[PDB]
Every structure is written in C-alpha cells, then in structure tokens.
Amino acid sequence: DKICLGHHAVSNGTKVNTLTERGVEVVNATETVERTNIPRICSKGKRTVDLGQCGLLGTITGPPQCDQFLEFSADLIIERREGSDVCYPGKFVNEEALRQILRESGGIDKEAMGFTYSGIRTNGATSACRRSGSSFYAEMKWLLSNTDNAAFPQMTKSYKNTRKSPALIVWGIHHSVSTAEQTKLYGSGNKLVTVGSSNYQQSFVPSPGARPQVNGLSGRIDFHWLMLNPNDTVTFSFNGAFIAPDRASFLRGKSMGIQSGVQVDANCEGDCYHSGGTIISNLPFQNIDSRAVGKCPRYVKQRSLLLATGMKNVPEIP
C-alpha cells in the first residue's frame, strides 16, 4: 500500500521568464502587453465632432469649412489631416498652444464684441474664401480705406469681457504682396497696429513683400491671440492692415482632442485613443502607440511579456 503526492502537468506548456531562467515552461500564462487594436474611434457615451476639413483653429476665425463648427460642443474632438485653419493663406502665432487649449475646451461659445466703424470699408473679401461668391472669415472683418489708395483713419476700438470666464480674442495682420497693394488697400505711410490689455502689450507691423502664391495669392493673413481676463479690456489702435474680430470665444468646459485617420464608431466605448484607433484593454501595458492619449496602459518597447498563471510544467516520466 502506497500513497503519492503530486501536481498536474501538460504537454502544452508555454515559456515565460523569471529572474534566473529564460524560457522556463509553465502550465499556463497570460499576456500583459496589449497589441490588439480597434481601427476605429469608439465614441459611445461621448459627444463627438469630426472636424474633417475644418482645422481646429478655424472654428474661431471661421473659414467656410468650419461654418458648422463656429459654436460647436463636444466631449471628444477629432482633428483630420485634411483639416485647414485658413482660407486666405496664413497661419496662427502660438498655434499649438492654442490647439492644446481648444482640445479640452468642450467647444466654444461665441459672443459679439460689438465693434462699429466710421469712415472705412469692412467688406474685404477674397476668392480664396468662397461662400457662394467671394467672401471672408465669418468671425472677422477685413478693413479697407474706402475707395483705393485713400487714407485709412487712425482708430481705437475696445472690448470688455463681462463674463466670469476668460475670453479668447483673435485678430489678424495682413501682409500684402507689395507696398503698392498695401497702399491700394489702406493708403500710403507706415502702418502700425497695437494691442493693449492689462497684462499684454504686443505691437504689430505689416511686412509687405513678394511670396509664393498659395491658392493663387501671395498675400498673408497671420492671426494672433490672447486670453482676456474677466472684467478686463482689450484695445485695438490701428491705421490699416488689420483683420478685426467680430466675435469673441468662450470655452464651454472639458473635453479631449485627438488626431486620427480612422472612422468614428458610436457603438463601441473607449477611453484610450491614438491616430490608428482605440485601445480597449485591461492589460497594464501596450505596444501600439507611444503617443496614445486618454486613460491608457503604459507604453513599452516589448511586444510581449508573459505572466505565469500556473505552476512550473514538469513532464511526466514515461
């Protein structure tokens, strides 16, 4: 009579690593590093905007591509590569800082700044911003002199933020192709635009000169921005070459912005995103994208790290 103590084993062993051994077989193991990607944007539960051709910064100035996003609202914001912030050639100064701000704004609320103008034109338009016909940024006003080569009067418009939240203020400086064109638009002489706040003092000057034609135009409108503290005031003194704002922006709340090239899915629910899709996983690590955002597992170089979920596998003596 004899009784023996033993443990189970398999012929289907899987190798893992320890401090001492490399490739020690255990009975059962599971993966800790996620590699399985969902090539969609799981947007269930979150209000989602697919900006598409509308650049994120475009939602503030308002080119034709962003007309449906002038006062958008979202929990998740999606940027597309084909997106564009401009119609008339140009770019933002501190563009990325502004993007990072709008990606978690929860959208924007626009408010009239209430500027009125006397002895000038405000109907500056272009073929690059087509909307039925020639037009301009929906939130801005392209100011001119009045006839052609005419003198642009010195002005001083101001706006106060009467709200409990900071106001996003944006204006533009126009850079004509030539001093001839700058004169044709705003009259002769050196133009100056100064912007004053209670913690901001920047100054601006047009830089007329020949440049490559973007969409057929060598002119450049470049936008600048500041945040207006509650109850504070901004003041715009200028004599031409100034792209005035019509409305200010107020941040709605909280959101998250991503860049992606894959479709949206409203039935799946995710919280970690990258440009190639959504990572849904309870695994502690992932090897899909280092720049993944949201609430994600830590990124690692390794594609696989097996965690033993069983004892050491010792084959039965045949």
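Just so we're on the same page, rigid core means the largest C-alpha set that superposes within 1.5 Å between forms. Numbers follow the displayed sequence, beginning with 1.
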Core-fitted comparison in 4 other deposited structures of this protein, 195 to 203 vs 108 to 116, farther C-alphas: 195 to 203
Higher-deviation segment by CA RMS in 4 other deposited structures of this protein, core fitted, 247 to 255 or 60 to 68: 247 to 255
Which of 93 to 101 and 132 to 140 has higher mean CA B factor, as the PDB entry lists it: 132 to 140
Greater mean Cα temperature factor according to the PDB record, 141 to 149 or 167 to 175: 141 to 149
Residue selected from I78, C87, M155, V214 by maximal Cα B factor: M155
Of the residues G106, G187, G124, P245, the one carrying the largest Cα B-factor as recorded: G187
Position of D222 among the chain's modelled residues by C-alpha B-factor, lowest, middle or highest third: highest
Among modelled residues of the same chain, the CA temperature factor third for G114: middle
Chain third (lowest, middle, highest) by recorded CA B-factor, residue given as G45: middle
For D289, the third of its chain into which the C-alpha B factor falls: lowest
Third of the chain, ranked by Cα B-factor, where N12 sits: highest
